[PDB]
Amino acid sequence: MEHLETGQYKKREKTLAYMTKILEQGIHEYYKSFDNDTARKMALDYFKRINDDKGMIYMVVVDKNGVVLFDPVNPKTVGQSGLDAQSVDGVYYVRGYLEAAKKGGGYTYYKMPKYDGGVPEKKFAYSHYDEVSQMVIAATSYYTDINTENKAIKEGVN
Amino acid sequence: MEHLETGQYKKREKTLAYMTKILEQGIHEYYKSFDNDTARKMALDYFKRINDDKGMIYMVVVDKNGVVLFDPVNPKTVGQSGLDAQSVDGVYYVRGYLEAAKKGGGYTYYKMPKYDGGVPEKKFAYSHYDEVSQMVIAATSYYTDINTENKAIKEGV
């Protein structure tokens, strides 16, 4: 059961890298046509709708310098440098996003609520620097949600 | 192992319904900001790029009347009615897409290659009618691919 759960989390890490790629490909269709401010507004409007779906993933976006562009959980941080932002478990999560992106893509692990004012819970982020939009885009998932999605499989094994 | 495999396929079914929702929400940006013909072009160019990724999903699109709008595996069907199209295992796959969409979303099961002229493999499609684009959008996955992705889990067990 422990090896199963670890496997399911590693699978989800891979899923988030793929989802980030296809989301990037989607937003590029209008980056190619509109000015940066307009195209960014469209992308972040889309990402708001993803997060509002309350499903598999939640997006977070920062610029190359760590300015927070999109994070509905922490709306006061939007438009600010996030370089000194710390999760409740002491992780500089925006530094994590940037370190991962500098490597070509990677993972940051920290605790955060699912919504502004909610109870924190463990999550992880896959981040990647999208050269077309010049954004560091993070697709994120919560371990509780992965467990929920895998509950029928767990019960079957049991 | 059997119940594990079945559970992994059922999970992927739900994943496809979710992915189809977020893809719809994405192409809605095209339809809000570009004329109809340009928005459709953008959507199908996007879907070409997803299929070219050769990852988790491959898209197929038909209109509400069953005219094939997008299917790189079967390029000669694009622009034609697909109501009498059959997979090699005898499934009217476009009829399946439309029946599922009429119910609010659902699943069609059939064999198809991964690319034009390739070996046919078992797959399934989740289809849904997107009211903004007026397209029946199908997100699809191949069982070989689901098995590949779950291989490390299987070996751990």
# chains A, B, ... in the order shown; residues from 1 in each chain; ligands from 1

call {"tool": "closest_atom_pairs", "arguments": {"of": "chain B", "to": "chain A", "cutoff": "9 Å", "atoms": "only C-alpha atoms", "output": "JSON lines"}}
result
{"residue": "B:1", "atom": "CA", "partner": "A:157", "partner_atom": "CA", "distance": 8.7}
{"residue": "B:3", "atom": "CA", "partner": "A:156", "partner_atom": "CA", "distance": 6.2}
{"residue": "B:4", "atom": "CA", "partner": "A:153", "partner_atom": "CA", "distance": 6.1}
{"residue": "B:5", "atom": "CA", "partner": "A:153", "partner_atom": "CA", "distance": 8.8}
{"residue": "B:6", "atom": "CA", "partner": "A:153", "partner_atom": "CA", "distance": 8.5}
{"residue": "B:7", "atom": "CA", "partner": "A:153", "partner_atom": "CA", "distance": 5.2}
{"residue": "B:8", "atom": "CA", "partner": "A:153", "partner_atom": "CA", "distance": 7.2}
{"residue": "B:11", "atom": "CA", "partner": "A:149", "partner_atom": "CA", "distance": 7.1}
{"residue": "B:14", "atom": "CA", "partner": "A:149", "partner_atom": "CA", "distance": 8.9}
{"residue": "B:15", "atom": "CA", "partner": "A:56", "partner_atom": "CA", "distance": 8.2}
{"residue": "B:18", "atom": "CA", "partner": "A:55", "partner_atom": "CA", "distance": 7.4}
{"residue": "B:19", "atom": "CA", "partner": "A:19", "partner_atom": "CA", "distance": 8.9}
{"residue": "B:21", "atom": "CA", "partner": "A:53", "partner_atom": "CA", "distance": 8.9}
{"residue": "B:22", "atom": "CA", "partner": "A:50", "partner_atom": "CA", "distance": 6.3}
{"residue": "B:23", "atom": "CA", "partner": "A:26", "partner_atom": "CA", "distance": 8.3}
{"residue": "B:25", "atom": "CA", "partner": "A:46", "partner_atom": "CA", "distance": 6.7}
{"residue": "B:26", "atom": "CA", "partner": "A:46", "partner_atom": "CA", "distance": 6.1}
{"residue": "B:27", "atom": "CA", "partner": "A:26", "partner_atom": "CA", "distance": 7.5}
{"residue": "B:28", "atom": "CA", "partner": "A:46", "partner_atom": "CA", "distance": 8.6}
{"residue": "B:29", "atom": "CA", "partner": "A:42", "partner_atom": "CA", "distance": 6.7}
{"residue": "B:30", "atom": "CA", "partner": "A:30", "partner_atom": "CA", "distance": 7.3}
{"residue": "B:33", "atom": "CA", "partner": "A:30", "partner_atom": "CA", "distance": 9.0}
{"residue": "B:42", "atom": "CA", "partner": "A:29", "partner_atom": "CA", "distance": 6.3}
{"residue": "B:43", "atom": "CA", "partner": "A:26", "partner_atom": "CA", "distance": 8.4}
{"residue": "B:45", "atom": "CA", "partner": "A:29", "partner_atom": "CA", "distance": 8.3}
{"residue": "B:46", "atom": "CA", "partner": "A:26", "partner_atom": "CA", "distance": 6.0}
{"residue": "B:47", "atom": "CA", "partner": "A:26", "partner_atom": "CA", "distance": 8.7}
{"residue": "B:49", "atom": "CA", "partner": "A:25", "partner_atom": "CA", "distance": 7.2}
{"residue": "B:50", "atom": "CA", "partner": "A:22", "partner_atom": "CA", "distance": 6.3}
{"residue": "B:53", "atom": "CA", "partner": "A:22", "partner_atom": "CA", "distance": 8.4}
{"residue": "B:55", "atom": "CA", "partner": "A:18", "partner_atom": "CA", "distance": 7.4}
{"residue": "B:56", "atom": "CA", "partner": "A:18", "partner_atom": "CA", "distance": 7.8}
{"residue": "B:149", "atom": "CA", "partner": "A:11", "partner_atom": "CA", "distance": 7.1}
{"residue": "B:150", "atom": "CA", "partner": "A:11", "partner_atom": "CA", "distance": 7.4}
{"residue": "B:152", "atom": "CA", "partner": "A:7", "partner_atom": "CA", "distance": 6.8}
{"residue": "B:153", "atom": "CA", "partner": "A:7", "partner_atom": "CA", "distance": 5.1}
{"residue": "B:154", "atom": "CA", "partner": "A:4", "partner_atom": "CA", "distance": 8.5}
{"residue": "B:156", "atom": "CA", "partner": "A:3", "partner_atom": "CA", "distance": 6.2}
{"residue": "B:157", "atom": "CA", "partner": "A:4", "partner_atom": "CA", "distance": 7.0}

call {"tool": "write_last_selection", "arguments": {"atoms": "C-alpha atoms", "output": "compact mmCIF listing (two decimals), in the first residue's frame"}}
result
# COMPACT_ATOMS: atom_id res chain seq x y z
CA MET B 1 -3.40 -7.32 -10.84
CA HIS B 3 -8.67 -5.38 -10.30
CA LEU B 4 -5.73 -2.97 -10.25
CA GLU B 5 -5.73 -2.72 -14.05
CA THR B 6 -9.52 -2.23 -14.17
CA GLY B 7 -9.27 0.49 -11.51
CA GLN B 8 -6.53 2.28 -13.46
CA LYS B 11 -9.46 6.38 -13.19
CA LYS B 14 -12.53 10.20 -15.16
CA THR B 15 -9.27 11.97 -16.07
CA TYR B 18 -11.74 16.46 -16.61
CA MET B 19 -9.21 17.08 -19.31
CA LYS B 21 -13.54 20.23 -19.53
CA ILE B 22 -10.27 22.16 -19.13
CA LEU B 23 -9.54 21.94 -22.86
CA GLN B 25 -12.35 26.17 -21.15
CA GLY B 26 -9.07 26.88 -22.92
CA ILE B 27 -10.47 27.02 -26.47
CA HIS B 28 -13.29 29.26 -25.15
CA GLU B 29 -10.59 32.00 -25.04
CA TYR B 30 -10.24 31.61 -28.81
CA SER B 33 -11.66 36.87 -28.94
CA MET B 42 -6.99 27.80 -33.58
CA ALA B 43 -8.75 24.99 -31.75
CA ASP B 45 -4.26 23.64 -34.66
CA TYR B 46 -4.04 23.28 -30.90
CA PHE B 47 -5.46 19.77 -31.01
CA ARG B 49 -0.20 19.99 -31.34
CA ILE B 50 -1.64 17.83 -28.52
CA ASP B 53 2.94 15.42 -28.40
CA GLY B 55 1.42 11.66 -24.71
CA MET B 56 -1.55 10.85 -22.55
CA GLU B 149 2.29 4.84 -17.47
CA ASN B 150 1.31 2.40 -14.70
CA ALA B 152 6.29 1.21 -12.31
CA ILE B 153 3.24 0.82 -10.03
CA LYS B 154 2.71 -2.70 -11.40
CA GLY B 156 6.23 -2.26 -7.30
CA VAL B 157 3.29 -4.56 -6.58

call {"tool": "select_by_dssp", "arguments": {"residues": "range 5-90 of chain B", "states": "strand (DSSP E or B)", "output": "PDB file with N, CA and C atoms, in the first residue's frame"}}
result
ATOM      1  N   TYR B  58      -5.147  11.839 -27.133  1.00  0.00           N
ATOM      2  CA  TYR B  58      -5.245  12.199 -28.551  1.00  0.00           C
ATOM      3  C   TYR B  58      -6.685  12.632 -28.791  1.00  0.00           C
ATOM      4  N   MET B  59      -6.842  13.766 -29.433  1.00  0.00           N
ATOM      5  CA  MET B  59      -8.152  14.327 -29.675  1.00  0.00           C
ATOM      6  C   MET B  59      -8.758  13.819 -30.985  1.00  0.00           C
ATOM      7  N   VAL B  60     -10.085  13.770 -31.015  1.00  0.00           N
ATOM      8  CA  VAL B  60     -10.877  13.582 -32.230  1.00  0.00           C
ATOM      9  C   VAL B  60     -12.058  14.580 -32.109  1.00  0.00           C
ATOM     10  N   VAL B  61     -12.463  15.224 -33.201  1.00  0.00           N
ATOM     11  CA  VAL B  61     -13.565  16.187 -33.158  1.00  0.00           C
ATOM     12  C   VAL B  61     -14.522  15.924 -34.285  1.00  0.00           C
ATOM     13  N   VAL B  62     -15.819  15.964 -33.972  1.00  0.00           N
ATOM     14  CA  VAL B  62     -16.865  15.889 -34.973  1.00  0.00           C
ATOM     15  C   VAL B  62     -17.876  16.997 -34.693  1.00  0.00           C
ATOM     16  N   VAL B  67     -20.177  15.092 -38.905  1.00  0.00           N
ATOM     17  CA  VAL B  67     -19.107  15.449 -39.856  1.00  0.00           C
ATOM     18  C   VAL B  67     -17.788  15.493 -39.116  1.00  0.00           C
ATOM     19  N   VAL B  68     -16.809  14.729 -39.588  1.00  0.00           N
ATOM     20  CA  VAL B  68     -15.502  14.695 -38.938  1.00  0.00           C
ATOM     21  C   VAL B  68     -14.755  16.010 -39.171  1.00  0.00           C
ATOM     22  N   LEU B  69     -14.396  16.694 -38.080  1.00  0.00           N
ATOM     23  CA  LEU B  69     -13.634  17.907 -38.159  1.00  0.00           C
ATOM     24  C   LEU B  69     -12.143  17.765 -37.912  1.00  0.00           C
ATOM     25  N   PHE B  70     -11.742  16.723 -37.185  1.00  0.00           N
ATOM     26  CA  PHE B  70     -10.326  16.553 -36.802  1.00  0.00           C
ATOM     27  C   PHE B  70     -10.098  15.105 -36.452  1.00  0.00           C
ATOM     28  N   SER B  81     -19.165  13.199 -43.696  1.00  0.00           N
ATOM     29  CA  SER B  81     -19.950  12.525 -42.687  1.00  0.00           C
ATOM     30  C   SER B  81     -19.223  11.283 -42.193  1.00  0.00           C
TER      31      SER B  81
END

call {"tool": "residues_around", "arguments": {"residues": "residue 127 in chain B", "least_positions_apart": "2", "cutoff": "7 Å", "atoms": "only C-alpha atoms", "output": "list in words"}}
result
residues 97, 100, 101, 105, 106, 107, 125, 136, 137, 138 and 139 of chain B

call {"tool": "write_last_selection", "arguments": {"atoms": "C-alpha atoms", "output": "PDB file, in the first residue's frame"}}
result
ATOM      1  CA  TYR B  97     -19.254  10.022 -29.832  1.00  0.00           C
ATOM      2  CA  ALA B 100     -22.333   9.934 -25.456  1.00  0.00           C
ATOM      3  CA  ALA B 101     -22.531  13.714 -26.023  1.00  0.00           C
ATOM      4  CA  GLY B 105     -20.829  13.191 -21.892  1.00  0.00           C
ATOM      5  CA  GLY B 106     -19.720   9.581 -22.010  1.00  0.00           C
ATOM      6  CA  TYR B 107     -17.545   6.836 -23.425  1.00  0.00           C
ATOM      7  CA  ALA B 125     -12.947   8.122 -26.069  1.00  0.00           C
ATOM      8  CA  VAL B 136     -18.366  17.343 -30.171  1.00  0.00           C
ATOM      9  CA  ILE B 137     -14.945  17.029 -28.632  1.00  0.00           C
ATOM     10  CA  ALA B 138     -13.424  13.626 -27.845  1.00  0.00           C
ATOM     11  CA  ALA B 139     -10.379  13.110 -25.637  1.00  0.00           C
TER      12      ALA B 139
END

call {"tool": "atom_distance", "arguments": {"atom1": "CA of residue 116 in chain B", "atom2": "CA of residue 77 in chain B"}}
result
11.6 Å

call {"tool": "atom_distance", "arguments": {"atom1": "CA of residue 52 in chain A", "atom2": "CA of residue 70 in chain A"}}
result
13.1 Å

call {"tool": "atom_distance", "arguments": {"atom1": "CA of residue 158 in chain A", "atom2": "CA of residue 17 in chain B"}}
result
26.7 Å

call {"tool": "closest_residue", "arguments": {"among": "A:116, A:122, A:104, A:68", "to": "residue 147 in chain A", "atoms": "only C-alpha atoms"}}
result
A:122

call {"tool": "residues_around", "arguments": {"residues": "range 81-89 of chain A", "least_positions_apart": "6", "cutoff": "7 Å", "atoms": "only C-alpha atoms", "output": "short mmCIF file (atom, residue, chain, number, x, y, z; two decimals) with C-alpha atoms, in the first residue's frame"}}
result
data_model
loop_
_atom_site.label_atom_id
_atom_site.label_comp_id
_atom_site.auth_asym_id
_atom_site.auth_seq_id
_atom_site.Cartn_x
_atom_site.Cartn_y
_atom_site.Cartn_z
CA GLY A 66 9.64 35.71 -8.98
CA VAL A 67 6.89 38.36 -9.12
CA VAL A 68 3.62 36.56 -8.42
CA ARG A 95 12.29 30.10 -5.11
CA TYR A 110 5.22 22.44 0.43
CA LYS A 111 2.00 22.85 2.47
CA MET A 112 -0.69 25.30 1.38
#

call {"tool": "select_by_dssp", "arguments": {"residues": "range 2-158 of chain A", "states": "helix (DSSP H, G or I)", "output": "PyMOL selection string"}}
result
chain A and resi 2-31+36-52+75-77+93-102+143-149+151-157

call {"tool": "decode", "arguments": {"residues": "range 8-133 of chain A", "atoms": "C-alpha atoms", "output": "PDB file, in the first residue's frame"}}
result
ATOM      1  CA  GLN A   8       0.608   7.003  -7.643  1.00  0.00           C
ATOM      2  CA  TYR A   9       2.289  10.208  -6.536  1.00  0.00           C
ATOM      3  CA  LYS A  10       5.176   9.716  -9.002  1.00  0.00           C
ATOM      4  CA  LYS A  11       2.644   9.077 -11.759  1.00  0.00           C
ATOM      5  CA  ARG A  12       0.853  12.324 -10.906  1.00  0.00           C
ATOM      6  CA  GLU A  13       4.186  14.214 -11.043  1.00  0.00           C
ATOM      7  CA  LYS A  14       4.554  13.038 -14.627  1.00  0.00           C
ATOM      8  CA  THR A  15       0.951  13.957 -15.411  1.00  0.00           C
ATOM      9  CA  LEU A  16       1.522  17.502 -14.221  1.00  0.00           C
ATOM     10  CA  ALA A  17       4.543  17.919 -16.544  1.00  0.00           C
ATOM     11  CA  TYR A  18       2.416  16.778 -19.485  1.00  0.00           C
ATOM     12  CA  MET A  19      -0.542  18.959 -18.512  1.00  0.00           C
ATOM     13  CA  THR A  20       1.747  21.967 -18.246  1.00  0.00           C
ATOM     14  CA  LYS A  21       3.022  21.301 -21.757  1.00  0.00           C
ATOM     15  CA  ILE A  22      -0.458  21.105 -23.246  1.00  0.00           C
ATOM     16  CA  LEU A  23      -1.628  24.216 -21.339  1.00  0.00           C
ATOM     17  CA  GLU A  24       1.353  26.137 -22.715  1.00  0.00           C
ATOM     18  CA  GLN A  25       0.504  24.959 -26.195  1.00  0.00           C
ATOM     19  CA  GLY A  26      -3.047  26.190 -25.710  1.00  0.00           C
ATOM     20  CA  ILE A  27      -2.181  29.706 -24.581  1.00  0.00           C
ATOM     21  CA  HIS A  28       0.392  30.146 -27.364  1.00  0.00           C
ATOM     22  CA  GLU A  29      -2.471  30.258 -29.934  1.00  0.00           C
ATOM     23  CA  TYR A  30      -3.236  33.814 -28.896  1.00  0.00           C
ATOM     24  CA  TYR A  31       0.190  34.888 -27.707  1.00  0.00           C
ATOM     25  CA  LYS A  32       0.940  34.598 -31.410  1.00  0.00           C
ATOM     26  CA  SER A  33      -1.786  37.165 -32.271  1.00  0.00           C
ATOM     27  CA  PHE A  34      -2.318  39.609 -29.384  1.00  0.00           C
ATOM     28  CA  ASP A  35      -0.147  41.987 -27.429  1.00  0.00           C
ATOM     29  CA  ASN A  36       1.485  40.663 -24.274  1.00  0.00           C
ATOM     30  CA  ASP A  37      -0.848  42.369 -21.804  1.00  0.00           C
ATOM     31  CA  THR A  38      -3.957  41.086 -23.595  1.00  0.00           C
ATOM     32  CA  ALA A  39      -2.626  37.548 -24.086  1.00  0.00           C
ATOM     33  CA  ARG A  40      -1.523  37.350 -20.415  1.00  0.00           C
ATOM     34  CA  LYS A  41      -4.974  38.509 -19.223  1.00  0.00           C
ATOM     35  CA  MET A  42      -6.533  35.747 -21.328  1.00  0.00           C
ATOM     36  CA  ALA A  43      -4.194  33.061 -20.021  1.00  0.00           C
ATOM     37  CA  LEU A  44      -4.744  34.059 -16.415  1.00  0.00           C
ATOM     38  CA  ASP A  45      -8.513  34.228 -16.937  1.00  0.00           C
ATOM     39  CA  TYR A  46      -8.327  30.683 -18.226  1.00  0.00           C
ATOM     40  CA  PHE A  47      -6.208  29.594 -15.301  1.00  0.00           C
ATOM     41  CA  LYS A  48      -8.781  31.129 -12.912  1.00  0.00           C
ATOM     42  CA  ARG A  49     -11.380  28.884 -14.494  1.00  0.00           C
ATOM     43  CA  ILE A  50      -9.145  25.819 -14.072  1.00  0.00           C
ATOM     44  CA  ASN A  51      -8.706  26.562 -10.392  1.00  0.00           C
ATOM     45  CA  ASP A  52     -12.454  27.280  -9.984  1.00  0.00           C
ATOM     46  CA  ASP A  53     -13.125  23.769 -11.363  1.00  0.00           C
ATOM     47  CA  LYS A  54     -11.676  22.376  -8.085  1.00  0.00           C
ATOM     48  CA  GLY A  55     -10.410  19.259  -9.887  1.00  0.00           C
ATOM     49  CA  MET A  56      -7.105  17.589 -10.505  1.00  0.00           C
ATOM     50  CA  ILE A  57      -4.912  20.620 -10.768  1.00  0.00           C
ATOM     51  CA  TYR A  58      -4.519  24.214  -9.572  1.00  0.00           C
ATOM     52  CA  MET A  59      -2.284  26.682 -11.332  1.00  0.00           C
ATOM     53  CA  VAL A  60       0.191  29.198  -9.858  1.00  0.00           C
ATOM     54  CA  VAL A  61       2.176  31.600 -12.091  1.00  0.00           C
ATOM     55  CA  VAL A  62       5.204  33.811 -11.436  1.00  0.00           C
ATOM     56  CA  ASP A  63       7.435  35.797 -13.738  1.00  0.00           C
ATOM     57  CA  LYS A  64      11.095  34.993 -14.368  1.00  0.00           C
ATOM     58  CA  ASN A  65      12.117  37.204 -11.450  1.00  0.00           C
ATOM     59  CA  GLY A  66       9.644  35.711  -8.984  1.00  0.00           C
ATOM     60  CA  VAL A  67       6.889  38.357  -9.122  1.00  0.00           C
ATOM     61  CA  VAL A  68       3.620  36.558  -8.417  1.00  0.00           C
ATOM     62  CA  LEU A  69       1.256  36.800 -11.395  1.00  0.00           C
ATOM     63  CA  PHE A  70      -1.491  34.362 -10.418  1.00  0.00           C
ATOM     64  CA  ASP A  71      -2.339  32.699  -7.116  1.00  0.00           C
ATOM     65  CA  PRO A  72      -5.984  32.786  -5.930  1.00  0.00           C
ATOM     66  CA  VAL A  73      -5.017  31.118  -2.614  1.00  0.00           C
ATOM     67  CA  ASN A  74      -2.739  34.049  -1.758  1.00  0.00           C
ATOM     68  CA  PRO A  75      -4.224  37.041  -3.556  1.00  0.00           C
ATOM     69  CA  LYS A  76      -2.282  39.615  -1.564  1.00  0.00           C
ATOM     70  CA  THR A  77       0.960  38.288  -3.058  1.00  0.00           C
ATOM     71  CA  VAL A  78      -0.122  39.040  -6.662  1.00  0.00           C
ATOM     72  CA  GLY A  79       1.961  41.829  -8.180  1.00  0.00           C
ATOM     73  CA  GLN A  80       4.596  41.510  -5.433  1.00  0.00           C
ATOM     74  CA  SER A  81       7.955  39.781  -5.396  1.00  0.00           C
ATOM     75  CA  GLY A  82       7.443  36.308  -4.076  1.00  0.00           C
ATOM     76  CA  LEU A  83      11.123  35.644  -3.404  1.00  0.00           C
ATOM     77  CA  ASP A  84      10.641  35.793   0.372  1.00  0.00           C
ATOM     78  CA  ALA A  85       7.215  34.131   0.410  1.00  0.00           C
ATOM     79  CA  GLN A  86       7.216  31.103   2.715  1.00  0.00           C
ATOM     80  CA  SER A  87       4.696  28.354   3.112  1.00  0.00           C
ATOM     81  CA  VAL A  88       3.537  27.483   6.629  1.00  0.00           C
ATOM     82  CA  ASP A  89       6.076  24.623   6.642  1.00  0.00           C
ATOM     83  CA  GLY A  90       8.885  27.006   5.864  1.00  0.00           C
ATOM     84  CA  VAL A  91       9.399  26.462   2.168  1.00  0.00           C
ATOM     85  CA  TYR A  92      10.298  29.375  -0.117  1.00  0.00           C
ATOM     86  CA  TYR A  93       7.892  28.060  -2.695  1.00  0.00           C
ATOM     87  CA  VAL A  94       8.515  30.703  -5.374  1.00  0.00           C
ATOM     88  CA  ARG A  95      12.287  30.104  -5.109  1.00  0.00           C
ATOM     89  CA  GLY A  96      11.427  26.427  -5.626  1.00  0.00           C
ATOM     90  CA  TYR A  97       9.393  27.238  -8.737  1.00  0.00           C
ATOM     91  CA  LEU A  98      12.314  29.230 -10.186  1.00  0.00           C
ATOM     92  CA  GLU A  99      15.015  26.639  -9.292  1.00  0.00           C
ATOM     93  CA  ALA A 100      12.932  23.921 -10.950  1.00  0.00           C
ATOM     94  CA  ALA A 101      12.323  26.075 -14.039  1.00  0.00           C
ATOM     95  CA  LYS A 102      16.031  26.880 -14.383  1.00  0.00           C
ATOM     96  CA  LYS A 103      16.727  23.130 -14.642  1.00  0.00           C
ATOM     97  CA  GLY A 104      14.220  22.740 -17.470  1.00  0.00           C
ATOM     98  CA  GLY A 105      11.257  21.849 -15.261  1.00  0.00           C
ATOM     99  CA  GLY A 106      10.894  20.278 -11.845  1.00  0.00           C
ATOM    100  CA  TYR A 107       9.123  19.919  -8.540  1.00  0.00           C
ATOM    101  CA  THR A 108       8.555  21.907  -5.347  1.00  0.00           C
ATOM    102  CA  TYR A 109       6.955  20.340  -2.236  1.00  0.00           C
ATOM    103  CA  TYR A 110       5.221  22.440   0.429  1.00  0.00           C
ATOM    104  CA  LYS A 111       2.000  22.850   2.467  1.00  0.00           C
ATOM    105  CA  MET A 112      -0.692  25.299   1.377  1.00  0.00           C
ATOM    106  CA  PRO A 113      -4.461  25.654   1.634  1.00  0.00           C
ATOM    107  CA  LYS A 114      -6.659  24.741  -1.326  1.00  0.00           C
ATOM    108  CA  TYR A 115      -8.347  28.183  -1.039  1.00  0.00           C
ATOM    109  CA  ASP A 116      -7.724  31.494   0.682  1.00  0.00           C
ATOM    110  CA  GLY A 117      -8.314  30.943   4.417  1.00  0.00           C
ATOM    111  CA  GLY A 118      -8.508  27.162   4.270  1.00  0.00           C
ATOM    112  CA  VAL A 119      -6.633  24.534   6.281  1.00  0.00           C
ATOM    113  CA  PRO A 120      -3.116  23.941   4.854  1.00  0.00           C
ATOM    114  CA  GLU A 121      -2.348  20.611   3.394  1.00  0.00           C
ATOM    115  CA  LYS A 122       0.498  18.970   1.608  1.00  0.00           C
ATOM    116  CA  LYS A 123       0.936  19.561  -2.144  1.00  0.00           C
ATOM    117  CA  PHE A 124       3.473  19.710  -4.905  1.00  0.00           C
ATOM    118  CA  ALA A 125       4.073  21.859  -7.944  1.00  0.00           C
ATOM    119  CA  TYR A 126       5.590  21.145 -11.328  1.00  0.00           C
ATOM    120  CA  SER A 127       7.021  24.385 -12.744  1.00  0.00           C
ATOM    121  CA  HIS A 128       8.390  25.238 -16.199  1.00  0.00           C
ATOM    122  CA  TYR A 129       9.531  28.436 -17.885  1.00  0.00           C
ATOM    123  CA  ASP A 130       7.421  29.019 -20.972  1.00  0.00           C
ATOM    124  CA  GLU A 131       9.582  31.061 -23.356  1.00  0.00           C
ATOM    125  CA  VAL A 132       6.717  32.270 -25.535  1.00  0.00           C
ATOM    126  CA  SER A 133       4.733  33.809 -22.668  1.00  0.00           C
TER     127      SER A 133
END
